[PDB]
Structure formats: C-alpha cells, structure tokens
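Descriptive structure summary
Here is what each chain is made of, one letter per residue.
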Amino acid sequence: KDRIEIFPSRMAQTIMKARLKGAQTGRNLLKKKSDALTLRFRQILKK
Amino acid sequence: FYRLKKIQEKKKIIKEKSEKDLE
Amino acid sequence: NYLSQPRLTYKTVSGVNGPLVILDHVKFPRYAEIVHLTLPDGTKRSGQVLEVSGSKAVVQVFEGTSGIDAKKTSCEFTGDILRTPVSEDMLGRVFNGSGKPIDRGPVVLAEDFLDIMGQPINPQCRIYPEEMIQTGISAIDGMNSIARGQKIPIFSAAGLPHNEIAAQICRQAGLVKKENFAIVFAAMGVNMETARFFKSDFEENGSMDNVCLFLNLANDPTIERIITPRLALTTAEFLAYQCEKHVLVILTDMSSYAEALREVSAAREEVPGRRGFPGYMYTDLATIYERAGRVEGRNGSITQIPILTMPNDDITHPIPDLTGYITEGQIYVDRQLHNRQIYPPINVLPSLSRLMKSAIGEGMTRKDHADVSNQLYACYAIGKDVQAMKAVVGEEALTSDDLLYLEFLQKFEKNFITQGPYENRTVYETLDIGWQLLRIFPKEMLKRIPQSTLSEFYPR
Amino acid sequence: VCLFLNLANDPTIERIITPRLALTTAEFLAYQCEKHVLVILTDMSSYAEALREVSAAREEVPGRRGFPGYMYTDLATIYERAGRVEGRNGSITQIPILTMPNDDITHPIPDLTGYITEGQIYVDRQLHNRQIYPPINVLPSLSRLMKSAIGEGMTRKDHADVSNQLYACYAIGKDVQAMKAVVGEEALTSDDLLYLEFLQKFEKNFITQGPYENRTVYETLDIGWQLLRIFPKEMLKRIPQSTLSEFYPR
Amino acid sequence: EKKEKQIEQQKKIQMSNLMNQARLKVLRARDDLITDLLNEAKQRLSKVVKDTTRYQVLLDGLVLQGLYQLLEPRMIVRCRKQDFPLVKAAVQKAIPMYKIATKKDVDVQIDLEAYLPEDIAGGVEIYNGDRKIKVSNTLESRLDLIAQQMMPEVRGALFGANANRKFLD
Amino acid sequence: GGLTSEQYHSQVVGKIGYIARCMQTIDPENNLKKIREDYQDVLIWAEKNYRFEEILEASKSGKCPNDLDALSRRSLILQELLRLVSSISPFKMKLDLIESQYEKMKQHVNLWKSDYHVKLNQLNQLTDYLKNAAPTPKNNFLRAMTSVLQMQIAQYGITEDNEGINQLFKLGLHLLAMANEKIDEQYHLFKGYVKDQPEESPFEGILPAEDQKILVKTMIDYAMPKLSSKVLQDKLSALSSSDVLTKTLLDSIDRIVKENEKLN
Amino acid sequence: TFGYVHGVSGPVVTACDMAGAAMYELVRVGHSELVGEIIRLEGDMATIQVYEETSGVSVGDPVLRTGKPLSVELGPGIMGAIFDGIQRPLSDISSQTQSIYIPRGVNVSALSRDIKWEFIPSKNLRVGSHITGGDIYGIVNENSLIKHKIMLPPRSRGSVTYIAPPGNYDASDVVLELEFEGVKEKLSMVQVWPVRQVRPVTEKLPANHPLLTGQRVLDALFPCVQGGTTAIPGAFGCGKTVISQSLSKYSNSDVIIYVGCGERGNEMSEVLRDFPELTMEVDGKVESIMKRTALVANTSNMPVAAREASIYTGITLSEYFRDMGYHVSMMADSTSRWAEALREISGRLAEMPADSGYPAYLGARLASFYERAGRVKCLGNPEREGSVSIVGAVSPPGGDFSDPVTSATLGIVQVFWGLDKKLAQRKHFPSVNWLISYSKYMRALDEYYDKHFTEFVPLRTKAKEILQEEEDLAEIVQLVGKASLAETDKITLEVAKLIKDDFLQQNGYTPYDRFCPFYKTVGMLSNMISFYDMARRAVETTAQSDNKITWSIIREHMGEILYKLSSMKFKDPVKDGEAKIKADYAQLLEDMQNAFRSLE
Amino acid sequence: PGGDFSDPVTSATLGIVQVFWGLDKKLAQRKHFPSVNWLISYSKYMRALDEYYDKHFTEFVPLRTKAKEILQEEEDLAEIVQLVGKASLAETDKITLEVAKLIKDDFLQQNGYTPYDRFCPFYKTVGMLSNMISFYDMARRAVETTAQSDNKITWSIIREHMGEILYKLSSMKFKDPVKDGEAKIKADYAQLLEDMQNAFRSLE
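Chain H carries the name ATPase H+-transporting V1 subunit A in the PDB entry, which gives Rattus norvegicus as its organism.

As recorded in the PDB entry, chain G goes by the name ATPase H+-transporting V1 subunit A, listed as coming from Rattus norvegicus. In the Catalytic activity (unreviewed entry) part of its UniProt record, chain G is described as follows: "ATP + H2O + 4 H(+)(in) = ADP + phosphate + 5 H(+)(out)". Note on chain G: under the UniProt heading Subcellular location (unreviewed entry), the record states "Cytoplasmic vesicle, Clathrin-coated vesicle membrane".

Attention now goes to the overall build of chain H. The helix and strand inventory of chain H stands at nine helices and two strands. Starting at the N terminus, the α and β elements of chain H follow one another as α-β-α-β-α-α-α-α-α-α-α. Considering only C-alpha atoms, chain H reaches an extent of 60 × 45 × 35 Å along its principal axes. In chain H, the share of contacts with a sequence separation of at least 24, taken over all contacts with a separation of at least 6, comes to 65%. Carbon and sulfur atoms provide 55% of the accessible area of chain H, an area that totals close to 11,800 Å².

Time to look at the sheet that holds strand β12 (residues 146-150) of chain G. The strands making up a sheet associate through hydrogen bonds between their backbones, and the pairing can be parallel or antiparallel. All names here are of chain G. Taken in spatial order, the four strands line up as β12-β11-β9-β14 in an open sheet, and their pairing is antiparallel. Only two strands of the sheet have a single partner each, and these edge strands are β12 and β14 (167-169). Going across the sheet, the axis of each strand differs from the next one's by a mean of 40°, ignoring polarity. One ladder, built from three bridges, connects strand β9 (residues 117-121) with strand β11 (residues 138-143); its direction is antiparallel.

The next thing to look at is the sheet that holds strand β3 (residues 88-96) of chain D. Residues and elements named next belong to chain D. As summarised here, the arrangement of the three strands in space is β1-β3-β2, forming an open sheet in which the pairing is mixed. Looking at the sheet topology across the chains shown, the edges are occupied by β1 (38-41) and β2 (83-85). Along the sheet, successive strands turn relative to each other by an average axial angle of 20°, direction set aside. In terms of strand pairing, β1 meets β3 through four bridges, oriented parallel. In the sheet register, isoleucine 40 faces β3, and the bridge partner there is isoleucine 95.

As a further point, take the interface of chain H and chain C. Taken together, the contact between chain H and chain C spans 23 residues of the former and 22 residues of the latter. Surface buried jointly by chain H and chain C totals about 2,000 Å² across both partners, of which 49% is contributed by carbon and sulfur atoms. Together, H:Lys44, H:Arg47 and H:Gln72 form the three largest contributors to the area buried by chain H at its contact with chain C, with a combined 26%. For the pair chain H and chain C, the number of links is three salt bridges. Close ionic contact of H:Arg47 with C:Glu164 constitutes a salt bridge, the shortest N to O distance being 2.8 Å. At the junction of chain H and chain C, the tally comes to seven residue pairs in polar contact. Those elements that provide at least two residues to the side of chain H that touches chain C are α1 (8-14) and α4 (60-84) of chain H. Here the side of chain H that touches chain C is built from residues that sort into nine nonpolar, seven polar and seven charged.

What follows deals with the arrangement of the chains. Taking contact number as the criterion, the leading pair out of 12 pairs of chains in contact is chains C and G. Chain D makes no contact with chain A, the minimum C-alpha separation between the two being 13 Å. Looking at chain E next to chain F, you find no contact at all, with the nearest C-alpha pair sitting 44 Å apart.

This next bit is on the nonpolar core. Residues and elements named next belong to chain G. Of all hydrophobic cores here, the largest spans 139 residues; its most connected members are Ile78, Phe321, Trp338, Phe456 and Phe531. Here this core takes 12 residues from helix α13 (residues 518-541), the largest share from any one element. Ignoring anything within four residues of it in the chain, the contact list for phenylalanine 531 reads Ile491, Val495, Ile554, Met558, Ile561, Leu562, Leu565, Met592 and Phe596.

Between chain C and chain G, the contact holds 50 residues from the first and 48 residues from the second. Interface area, chain C with chain G, both sides summed: about 4,500 Å², of which 56% is carbon and sulfur. Where chain C touches chain G, the interface holds zero salt bridges. In this assembly, chain C and chain G are joined by 26 residue pairs in polar contact. Secondary structure elements with two or more residues in the side of chain C that touches chain G: β5 (44-53), β11 (126-127), α4 (222-242), α6 (281-289), β18 (293-295) and α7 (318-326) of chain C. A per-class count over the side of chain C that touches chain G returns 24 nonpolar, 14 polar and 12 charged.

Let us look at the pattern of salt bridges. On inspection of all chains with the given rule, the structure shows 118 salt bridges over all chains. Among the ionic pairs, C:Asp284 bridges to C:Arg230, the shortest N-O distance being 2.7 Å. On the criterion of sequence distance, the pair formed by C:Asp284 in helix α6 and C:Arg230 in helix α4 is long-range, its members being 54 residues apart. Under the relative-accessibility criterion, C:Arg230 is labelled buried at 6%. Here G:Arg88 makes a salt bridge to G:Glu52, at a shortest N to O gap of 2.7 Å. Here G:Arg88, found in the loop between β8 (82-83) and α1 (90-97), pairs with G:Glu52, found in the loop between β5 (46-50) and β6 (62-69); they are 36 residues apart in sequence, far enough to count as distant. Exposure class is identical for G:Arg88 and G:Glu52. Each is buried. Several salt bridges converge on common partners, so that one network encompasses C:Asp89, E:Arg23, E:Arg30 and E:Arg155.

Parameters at a glance
- Residues numbered from 1 in each chain as written, not as in the entry; some residues may be left out.
- Chains lettered and ligands numbered in written order.
- Part of a larger assembly, values for the part shown.
- Heavy atoms only, no water.
- UniProt positions renumbered as here; feature names shortened; annotations may be inferred.
- Helix = DSSP H or I, 4+ residues; strand = E, 2+ residues; numbered from the N terminus.
- Contact = heavy atoms within 4.5 Å.
- Areas by Shrake-Rupley, 256 points an atom, 1.4 Å probe, with all protein chains shown as cover.
- Pairing = 2+ DSSP bridges.
- Axes fitted to C-alpha atoms, helices over the stretch in contact; angles between N-to-C directions.
- Buried area = accessible area lost by both parts, 1.4 Å probe.
- Salt bridge = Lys/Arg side-chain N within 4 Å of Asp/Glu carboxyl O.
- Polar contact = N/O pair within 3.5 Å; in protein donor to acceptor, adjacent residues only side chain to side chain.
- Nonpolar A, V, L, I, M, F, W, Y, C, P; charged D, E, K, R; others polar.
- Core = buried A, V, L, I, M, F, W, Y, C linked by side-chain atoms within 4.5 Å.
- Buried < 20%, exposed > 50% of the residue type's maximum accessible area, 1.4 Å probe, protein only.

As structure tokens, this is what we get:
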C-alpha cells in the first residue's frame, strides 16, 4: 500500500534513487506532453 | 556500532584480567 | 636547537598484532614518534608509534609485520615525530608516499624541516580569495572559475576520466597572463599504470619545472597514504607562505585516503562511525582541506582541487558529503558525458564555483566573463530542457527559439566542453568560444548579459 | 492544581523522575484522598530523550532509533498509574502530550505509547494550516474505553452509531479527495462528491470549535446528525434501522 | 592551426627534457658535495680520537650521556679493545655524575669479552644489563644525527641563503 | 523563575543595602520625609552598621523584608527618582515636586513600560553625550538645549505633559541624531528652536556667560560667509558686541542675510 | 600539585597523579601546554580529551590542572576582539607571534594584560558597603559607544573592604576587595565563568518588544522579538549575509556577537574581512561596528572541541553583555556545523549514535542553548533589564527539514526567516519566502503594537491574506488564464504583486532602502492596504450595476496612485524628516480617496 | 552480494582495476549473452591502446567512439519511447534505434557454445563494426541529405530498399574463423560494403 517493500540495503537505496530520477523524469516528460497538447488545444479552441 | 562496542569492552576486560593474571 | 641526544634501540618486542609491533620497557616514548624497525635478516622498515602507555609503545610498522619476531627484531627510536625535509628544490621532482624521491635524483637538502601535521592557519590572517587561476579546461575556466585560494573538489566516479582531468589541470594550470606559480600534485591509492601515466605525462608534456609530484601507489602500505596528503600540503605551505609562490594543490583521490583512515582507525581498535568511517573524519578532512587560502602580508596562495571518487556514484556518501561541507564548490565529472565520448566530461549544470564572482571580472580576466558564464549556463540549461522537449514533441513542433537553444546545446557540447587532453585554452580562448556560441542567438535573447556588454562583445 | 516544571535547560536526568513525582502525588490525591485527579504529562518526547541519553550513557541494548530495550516498560511505569481502584472514589486520568519527531506516527515514542494507552488523540498540520482549531484529526484517533463510556445512562442512545458512521463518511471523504486529486471531479459520482462535501462540512463544523467554546456531547451529536442528513437515510450503512428511525428525520 | 600553436609547447618540451635533467645533475652535485663534507668530517673525527686528551673528554661525555638515557640498576658499555683504558676512566668519572643526577645507585661494567669492530671511528655503545635495550654513541652516529638535523644550517651556510625565503614562519 | 536559596537571600541583602545608599544619595539631610518613611523597614537594616552575615541570617529568618519582586519595584521607584534628581544636578528641583513625582511612581503599574522612564532615557542619552563633547556648534547647541530641558524638568517634573518639555526632547534628540557635517541643518534646528521657544532670550542666565557669548559668535561665524557686501559684513560684525543669546540677535543676523539675498 | 602523562591514543591522553581533578576540568598537557578537558576519572588516573594534535606528547610529560572547567574570561578588551571557540584571541595570537598560524600550544591570556583602561568606580559606594553578584561597582570607558559596566561575579557576595579610586587600570590590578565569613576575596575588572553554565538572573521575563532590523519583510510579516529565538536557512544560493549584515549595521540591539560555528575557511575570512568595514550612525557620527561587537570565529579545521564550544562561548559573552543591561544579539552562522562537532566528539567518546548519526543529547544541547536567550531582570541592585537574541542559522541537506539539527532547531526556535534560492535567482532581495516563514511572537507584540501602531495588526493580517490569496489565484491563472479571474481576484493579484515587489522586496544598497524605519514600513503598507480596501470597495459596490469597476478602470483613471504607491519606497529618513514622510504618505491617502470618489 | 556494485569488495576492486566488465542481471534475465552492460563497464587502457590501434587498425578508434555514442543515444531514446511511444522520434532517431538494435543483438551479442561464434578474431570484429557503423552513417546521411527535398527518405523507405542489406549485416556473425580465412571474411565484408553503397544509391 504505502511503500514498495524492496528490502532495506544499499541495493535498495541505489534502485530507489534511480526510481526517483526515473519518476521525476517521467513526470516532466508527460508534463511536457501535456503542455504541448494544451497549447495546441487552446489554439484549437480559438480557431 | 553496538555489537562492536560490546566486543571492544569485552576485549578491554579480557586484557585487564590477562594482566592481573601475571601475578 | 636540535636533538643532540643519541637514539635508543630496543629488542623488547613484547608482541605483534596485524600491522602493529608492541615494544615494552620503553623510555619516555612520544605519541607519533618515528622508529626504524630492523628484521632478523637486517632489513630496515619504518614505523610510527600509534599508541603509548607507561612502558609500552605500540608501533604501527609502515610495511606489513611479515618477518618480525619477539627476539631478533630490533627497533631504533628517533626521539622525534615525522618532520619533512622541505625545499623549493622539491619542484621538478617525483616522490613516493614517504617523501623519499624516486626520479633517480638525490635526497632533498632541506631549506627547513617542518612538522608534517602542520598547524591551523590563523583565521585573522587568512585573506579572501580574489583573483582567478587559469586551469585551461573551458568547462572549468568559463563556467566554474577558480579563485586563487578556493578549495573546489572534482567529484567523479569509478571508471570516469578524472585522472586525465587531474593530469590536464596539472599541465595546463597557471596564472592568467594579463613565473612564480607551482603545482603540488599528490596522488593516493594509485594503481601502477596510473602512476606511470602521471609521472610520464608530466615529464613528457613540459610541466615538471613548475610541479612537485607525490605518488602513493595502491600497494604502498596504507599509513603512507595518510601521510601523503599532509606531506604534499606541508610542501605547499612552504612554497606559498615562506617562498611567496602561488600554488595549486591537486589531490588525486580523497576516497582512497578515506579508505586509509578506515584502516588506521581499525588499527587503534576505534569503533567505526557513520558508514564505517571514523567519526572524526570531518575534522581530519578539514585538517587536509583548510591548509589553503591567501594570507595577510604574503603574496603566496594555496588553491586546492581535491579529486574525489564518489563510491557507487552517490553524492550522499560521507566522502563527497563531508567534502561538500568543507570546500567552496564542486565540479562533477559525468558518466553520461563520458559515454558520449565528450572529453573532458565535466557536467556544467550541477557544478558550482561558490567564489566565481570574486575570481573573475574586469582587470582579473576580461570585463564580460562574469556575464558570459551566467548566460552560457542559462543557454545550456534551456538547451537541455529543449532537447528533452524535442524527444517528446518531434522537431516540427519546436519553435524558432527552441531550435536556437538546441543548436547551441549541440555546438556547446561539441566545442565548449569538448577539448581533448593537450589543448591548453587560455581564459581568453574560452571566452571567445563562449561568444562564438552565444552569437548564434539574436542579441535580445541573451537576457542575462547587460546591453553594454553585448554592444562591446557581441559584434565580431 | 500542582505544576511540576522541568525546563529544557534544567538537568536532563531529572526528567526521568519528574513525571514519577507527578504520578506519586496523583496517587496520594486519588487513592489516599479520593480526589478525581487529572494528570497532564507534557512532552513525553523530552522525557523519552532523557531515556535515550541514559541508555547511550549506560551502553544499554538499543531498540528502534536507539531508545533502551526497556523503553516500553519505562513508559508503562508512567502510564499504568491510572484508573479507579476498589473502595476508592479517586480516579487518576492521564493525558500525556507528545511531540512526534519528524511528524512520524510510527516513531518509537508515539508507537510504544500507542501500545500502552487507551487509544490516542491526533493533532494535524493539515488542519492547523487551514486554521481549523483545535486541529484534532478524528480519523487516526481512537479511544479504547469509548465502547463502554457511551450509550444509555452515560450519553444519548444514538452516540455509538453516530461515531462509527462519522468515521465511515470522513474516511470515504478522504478517499474520494485522494481520487479527485488525481482524476478530477468528472470521475467522481454524485455520491463521491457528497462524501467530499461531507469531509469539507465536517471539518468546518464538527472539528472547528472556539478555544473557549464548550459544546455538550448532545450538541456535538446533533451537529453529527445534521451532517449525516447530507446523505439519504439508507446510505448510513454503519447505523441500525431503529437508530435511524429515532434520530435521522429531526 | 592547433598544431601551429602546439609547436611553442614542443619548444618548451625540448627545453624541459634538457633543463629538468641538467638541474638534476646540479642537485646530484649538491648532494655529492654534502656527502663529501660528511666524509671529510668522519676523517677529521678519526684524527680527533688519536688525541687521548680530547678523546678522553669525548668518552667522558658519550659514556655519561648513554647512562643518563638508559637509567637502570645495571649497565654494560661496549667499546673498541684498544680504547678500553680511556673508557674505564670515563666510566669511573661518569658513575659519580650518574648518582648525582639520577639520585640512585648503579653497577656499570665494560664488556671486555665483546669489543666493538676496530674500524669504527671511536666512541661507545651502551646496553642495559638484560642486553634488551641499547644506545649507540659512536662519533659516526653523532655525525649522522647532527649533520641530518643541522642540514638547513649546512645548506644555508655552505651554498648561501636562498633569496626567495621572504618569510621564516 | 528562581535562584539557589543562598543566591536569593544574597540578592535581598543587595537590594536592601542599595536602597539605603540611594536614600542617602537622593537625601543626605532627611528632607524627603514621606519617601524615607516608606522605606524605613529596609533602611533600618543598613543605617544600622549590621554585618553582611547578620543581615543575611535576618533574611533567612524572615526578619528582614525578603520578597525580591516587591524590593525590586520599591528599589526601581527610588532609583528612577534618584536618576531624575541626578540628571538635573545644576537645577536641583523642589522637595515637594520630588515627593509628588515619587507618589506618581508609587501609584504606577510598571515603571519600565512608563513614558516616565522613556523621558529619562532620552534625557540620559542627551546628558551623557555632553560629558566628553569637544567645542563644536552641535555640541554647544546641545549643551544649551540640555540645560533648558533640565530647568523645565526641575520646574514641572517628568509626569507633567508640559508641551515645552516634550518639544525640547523632540528637538534635542533630533539635533543629537542629525549628522555632524550638517552644519546648516544644525544651524536651522537651533534657529527654529530659539524662534519656537516663547522667550525673547531662552538661554539667558541658563548656562555660563562664556557659552552664551559662544552661541552669539556661532550664529555670526556661519552667517558672515553668505554676505557678498563688506557693508553687511561690518553690520554683522557690529552685532558681536552682544553676549546674551536673544531672538532679536538671530532676527538681526537673519535680516542682514536677507538684505544680501535681495542685493544679488 | 600537577600530574603526569601516562598514555596517549590519538587525541585521548591518560594521566596519573590526577587525584584532585574534576570531570570537565580544563587541563594543560605536555611541555608545549596543549589544551584538553578531562572526560573520565578512574581513581588517581584521569583521561583527558586533548584538543590540538597530540603528536609529540610524551609519557612522563607535565599535566597542569587549571583550577576551572572550560571557561570564558569576561571584562574590558572584548570589544573588536576576534576569539576562537575556546576563547583565544586570534588578533593577538597573530600580532604577538608575527606568524600566520595558531601555534600548537598557545598560552596568550584571553583579555590582554598591561593594556590600561579608564575605570570609574561607582561613586555611590564606600568601604563597609554591602554588595552582591551583578552589582555594578564601576564602569570602564573602553569605547565611546559602549560603556563597559563592571560587575561583581555571580557567585561572589560580601562587604567592600577596599575599592580603587578613579584612574587607569588593567586586569592585573586588584580593583575590588570584599569580605564574607571573615575571608577576603580579591577581584579584578576581569571575571571568569564556566562556559556550559547559564549566568543566573533575577527573573527571566516574557519578551514583548520588536528586534527592528530595518527590513520590511522581516519587521512587518515575521517580527522577531528582542530576546527571541530564531533560525535562518544559511545556504550559499539564498544570501544569508543580507539578514546578518542588516542586523548588525542597523538593528535595535546594543551589542552584537557573532559565532563562527565551523565555517568554510574562505567564507569565514570573508566575514572577518568584511565586518570591520561596516559602519552605523550613532549621535550623528559614523563609526565602525567593531565598537559594538566581538567575533568568535572557528574555521572547519579548528579543534573539534573549539567548534562544539563555539556557541557556548558566544552565548556566555552574550549573557555577560546582557547582565550589563544591553539588548544583545548573537548570530550563529551554522548550528549544523556545530552539530557536526557534537557528532565528532561523541564519536571520539564512543557514545552510541542516536538520530542519523548525532548524539542522543543533540536536541537537549540545542534546547538548553536556545533557552539562554530572552529578556531578563539582571542580578544585583541597579535593577536594569537586558536581553540576548539568538539568530541560529541552519543548513538542511537539499533543504530537507527532517535533518536532526534542522528539525530540532525548528522545534525550539519561535521564528524562521526561510530564505529561498528561487527568490534569490529572481533577485527578490531580501529573498525571504513569506509562505514558508513564520513568527510565534505575533501575540507577544500585541501590547507594543496596540500602544504605538494600533492599526498595524489589521494591516499585517490583511497583507498575509492578500499574498496567500494571490498564491491560490495563480493556480487558476495557470488553469484558465488571468482573463478568466473575477474583478476582485484580479485587483487582489495586482495589489499582491505591488506588496511583493514594492514592500517585501528592498534594495539594501540604495540610500532609500539601506535601512527602512518601522514608521516608514507601516505607512507604506497602510497605503497599499487602504488602496486595496477602497479599490475592492469600488469593485464590489458596483456588483450587479450597469457599469462595473475593474482594475483596468482604476489603472486608467487613477494609475497615478499605483505609480505613487510603488514610489513610496524612495522616501529618505536622512533627507526627509519623519513628519515630511508621514505627511507625503497622508497626502497619498487623501489623493487616493479623492481618486476613488471619482469612480465610487 | 545481491548483485549490488556498492559492495565493499566491488568498491575496493573498482578503485584498483583498470577494467571492469559489469555483468547485468537485466541482460541475463533477457538471456542476452555474454550479458556485459556497455553503459556501466569501463576500460582505462584505451589511452595506451590508441597507439596500437593507430598502427594496426587505423579505422578502429573512430568506429569505437561512434559505437559508444549510438549505444548511449539508445538509452535516451528508450527512456522517452517507454512513455511517449515512437511517434515523436525523428527519422535519424528511428535509424539510431535500428542500428543500435543491430549493434546490441548482432555485434555485441555472442554465444559461447556455437562453433563459428565460440571465439571472434579482431579482423572479424572490426569488419562487423565497420559495416554496421558505415550503414549508420549512410542511412542517417540518406535522411539528412533529403531534408527539405521534394521526397524525404524515412526508416520505412530504408527498411523496404535495404532489407537484404539488413539480413546480410545481421548474418555477419555467422562467418566461421575455422572454415573461412580472415582474408575471405574481409573480402565478404568488403562485398557487403559495396552492396550497402549500391543499395544506398537506390535511395539517393
């Protein structure tokens, strides 16, 4: 539920830091996708 | 840290006892 | 005056334990006293007293205790702690970790002996760092410029080319030239191939008359790896604060030094602190790193660039963490850039010289430089943001402004960061390359630069 | 009232005995003198830090976060001196107060206190930042003794049923709020928006109270019902049909 | 165009290949001269020990100094065979000064059965009664010990003080 | 809040002995009868030559007064009266005013919060600045203004909201704050002060006649450089026969300067 | 008398013949007089934590016991001094040694002997007078701005047996002698105090007056009280110098102390170079702030004990100045670097790690340090009040407040001036993030504001609400654009921008904003909020009308008022009289009221 | 322990060894062989070996650099395609993924139990890489050389015209160092170079 339950280790710290960078990157990519579509959508509304 | 601290104290006790045993 | 009293020698080895030899019946031993062990076969070995108590003196032998015994072993005591014999003639020369020369030249004729441990520089007497050192690497000098007296670590990771960057700084480094400068380059835990690389590249590519080179090899005994940084800094203190020289101290792998503090702390039976390093590791790295700065009434000046292998690439690790607390910057070497075959692969985004605005400006370098570095950072950052946008939206969805930032990004990695191992760009050549890129933009897009600076430097 | 004060610059080891002195006085007043004593223990955390210090100084076996292994027992030796005893009209009530470190409910101080106490009352930044005084978040809270302290002869007949249904609606309100925060109000049904409205109306009226305002249980229950009436009678799935027939329509 | 800059560094490289070795030959010369000053000093000490008058004053010092370090109930002096009469006198003059400074009695012997090698340039070795602790007080040992510590004064006087030493700190 | 019992009783003795020194200082003659009577309970233990040990034992025994809150308030009341009297030393105020101001302080809620203490702090800053002040226009003006303020305070006390006293504080503090190079602004402040004081000669007999002459000289010395005509410089020089500082002297200098401002 | 070294292991020296020692007693070790504290007794043996590098300490070396635990010399000669954390005078260890280093084994006295000062005995005293701890038996005129009040040490009491007449004296002179229980105590202008012990007081008081910094955002929205406890997130990217310099070079605090906990060597020399060049106006003179301060500077390489003591020396100096009846203010540059010195000394003591590595006691050391603040009634008889204000900077890794020192500090301090790198990148100086920042002293200043500025609490409340509403409205602006907002929302956003850019922001290099008085601050905000309420009145009053007022109509018909509101920052307390500034602000109130009347 | 290179033996080893061959569980899980991760592995010796390569294999150093670049650009493009899908990529990026698939599956993959693949001489190795990167430069050139043209070359147009070449390129691993002489393998790979160039002329 609240946590991923990878077992506490330097392995898990490595993997979770990489997951955080992956998730923040994925947020920003999908936010860029949203903004690009949002700009086109607002242009379409005016048109 | 705690296990190593206790090991180090046990060694200090054993050293002291080993020097007392020189008499 | 001097120790006019003759050296004792003992056969009283009461025990041997790992790297330690325990003399007993010792007369008034000093903590950290140097001793010369002699094995049963007559082989000399150095050691230092690591503990004293009443009659006992626990020597850590420098080499391993292989061949010591409780009987035929004998142990001369010097009566004194480790003093380096120091001089200006330690320039142009190559030394092992103990400070014995290995360049086939003679032993050093000391201009003075110094205590290797040094002393704290008085905080009233330390003076603010206020003019740039040219390292010649554009990713340093145009983005992260170093004030003489700054401490600024190059963080790196296992496998990255930080030793080639360290060598390239050691060859290229010098004053700006709008003579009296000398590197002290100290290397620890160096595999013998990398030791040949430094010794050979420095001897070959013109540098030696302005560098002192200390090598501690990976298989040199671990206490010599603790000694080497202090040894090098003791020479830098002599060159700077007694001989008025400007100095850049380069320390090649502070992580291999942290890997030595582990062993010596275990040799004292101290309980391991945070991540198995000694608790006092913050103070010990401070007593290395703060042997630096300008000082009141001397022209001399020690900069430092500690090269530091982040274990597992982790900035939260104590070695980079403590170093980030003690030193006024960081320079990050990046695996992303190294895999792209960009050399030197310095990543200019997470890097920061906290003293940059006092290193550079009019009179010290060129008037524009402080403006150009802010603008190059902004364009590289927006360029990376646009390159991520292109990957999402496809090229035809980019604006004309985005296509400029993307073209700048491409040219900046392939001309500003990229430099090769022997291209000694001056600050002026770095700034001209900065303008050769920034001139890609329309004049009004360069919003961090003042209109006066643009009018004086944007024209070709 | 009697105030035992140990301040942050007084000796740390005196904190070990400070709450014990208070409880010893409370025992004398309650069990020897039949007083209806209330004991307030303030920042049990600043007490627990003295346990952690003594533990480290003695080299005691460390539990979680370096508190001594006896941490549960030491807290019990404080917290068990409470409740009525046969033949004595005295009744030591304890309301300890503790600042949870880094706001973490699972920290050893709250957590071991959790195992010992008759449930716990939680105060929350998510209420306090919105100026909802007192910032008591009902949901994570419980009282172990409420089960027998309520209903006929103590409180109005409905009370136990109202309490459970208020937890149900408040909790579902937090769940639909968490849904809205991802997928928007367009994904929510009319019933899900009523649970979201319930959480909003509930915090603004039931929890929100003046610092000097005293509300009877009966007034609190009537606020409860006028909020529960937001849903149709049959939606109140924690409440029996008899209680609904006596208390829903008013 | 880059190569046309780099030839100035090729000039500096050829200059360094020459210069860096040339100055090592000057340093090698410096250390040879110091080493020969030590050789002349060892020769002069080997002359000084032929005067029994000054040599007695040396042994009176070297013996007493050894004893003052190795404070013990029993001591052994080892010396070259031919020097033994001078050493015996030195021990007999030192024992009173040992009692005076240390406030404790001592037995001191000279180990006539275990003389030192004849080619040592005079002076003595001293061992405790267990033979587990020693001190070496040969004139050669003192010459090494003192020449090493006085090396900055040797350099500064012998080849002149370096004008770059603006601060002594 | 508290102390070790040894410390607490040692502070009580300190208050008692101090109140006695202050009583002797404000009144070496027992003229302040009602004040002296209102401290007789503490004063007796210090007017009697008791040993420090004897009074400390009497404090532990509860024979001496020993509430530090009461003793501190009572001590503060006496010292804030002493501070007034000392701060006006060249203008020793009437005994009836002293015991009246004392009654107002005895009635007051909190002397540290009182504007009475604020007025005295402002008076202290102004007075204390003079103690090492060199001969200089600002310093000479402030010496004079301070003496007028001390006189008015000795006439009306601190608790009286005499508009003159309140303006004298504002003006004196502002001139003290005014930057030392600002000679024309300091001059204008002094001119404005002498115009705003109702007296034709606000400083007459208030301060040494040498300083009165220095004030006259000071006005002349910074007026004369403005005069482009030698005839007006001679008419201004003729005013230096004066020694008392008067509004008419300032108005005469001002008229000679105003004639030059027209004659350009 | 003195003991002898028995053993050494790293920095820890065991000694013997230490029978009369005490735990935490200060000791000199070795022929070079190295400093250290006893950390264990074992009978006649004792273990000393040595501070400086023990290299070259020998068995059988002398071990002189100092008659005191770790302690601060207090007296004349503090002002303008630079000390390290164990109270050694870095300016004199420079000038007396002629060396750039602190030599291992310093023995220079902390308040320099043979330097005479002008001492005035308190003329109210006589031989046979009763005296107690905190009594001001005389004054030393050591600098024009700060009359140094001498006082009887807090443990001392008795009858005066002799007092020196007026004259020139130094630390070697017996200025005072007193007797108690038949025993004379001799005394000097120099006093000594245990650094880890609070200096006691008659009563610690509730704090109730603003520590006016001359900085609008601070003094208005997050007022720190005199005697208050406060934290600053000290990090390079957010400009921590702006607050610390402004506090020193203007704020209403009689004496400043500044503690270098353990700063980076260059950043410490930046401070020590720069502070002497700062000047503040007093009595219409301009003078160097070195007349009103002392600097306790430790670089990261100073001994572990000198870093962990740094703040305790600082507070002890600050409490001595508090007991002279001054409103002292003390900076700490990085309580985080002091907390590292705690981690290290606990590491060397082999004590168990608590939170993240720090000692169990980190929270208690912080709390028992911060409690040394506050306003107080002083000890002794002249009844004076004083205070110590503590400004403890913190350096959370990546800004993460869960960091133990930062978390415990935010637990204890009543004010947090959350500086932010984002605001600094936008050049929004003083760059204090008003959303994150807070003060718990608002209630405590109600009494002050009700007397002096009776409208200001309404104004502050409205200001924070207006700024908070703009932060919520900005989400709607991102979702649906500025055009979609209601007229009330649009005028709120415009005014919140005006408040943000022309009231919160302040250019401290300009003559008009180098300092900003409190009356100026109130008058500026009063005008912006009076404009807000009247603008909002015209908008809301023309709800449901045929012609409705909007911010664009206000900008068209009275944008001169918006321009004037932005201009109100330029008013100068030097060139403009206080009454002239107040009159111009009152004129803008009249101007805007007549302008609003032209619409509604 | 647990495959984690943070381990003290790994960390100490990586501080000393000049070469590291980081075998990755992800490649093992996909049964890629020999499972060497080409992003986390490293070899410091390239600095010396460039002289040997410049004497004996003059084309190799350029090819090695271009290989690493393609392999790193594959990771960037992969992490974006994993959320946005292929549609945003430029034709250069589609080609970069195509040749990266050839490199990772047909150059860098190698089977330890196949007679022709059990070992690979360097003559074969440089030839295979030279052709795959020559294909990359030419396929990328075909796209870039038709920017703004009346018709634009695309990955699909290339896949249609060059399908035989892609089969031949993936087939280069099958040449047998035992039964084929190195000059024969080199001559066959030279025929693939001519085949590529002639096939690219049908696009351009």
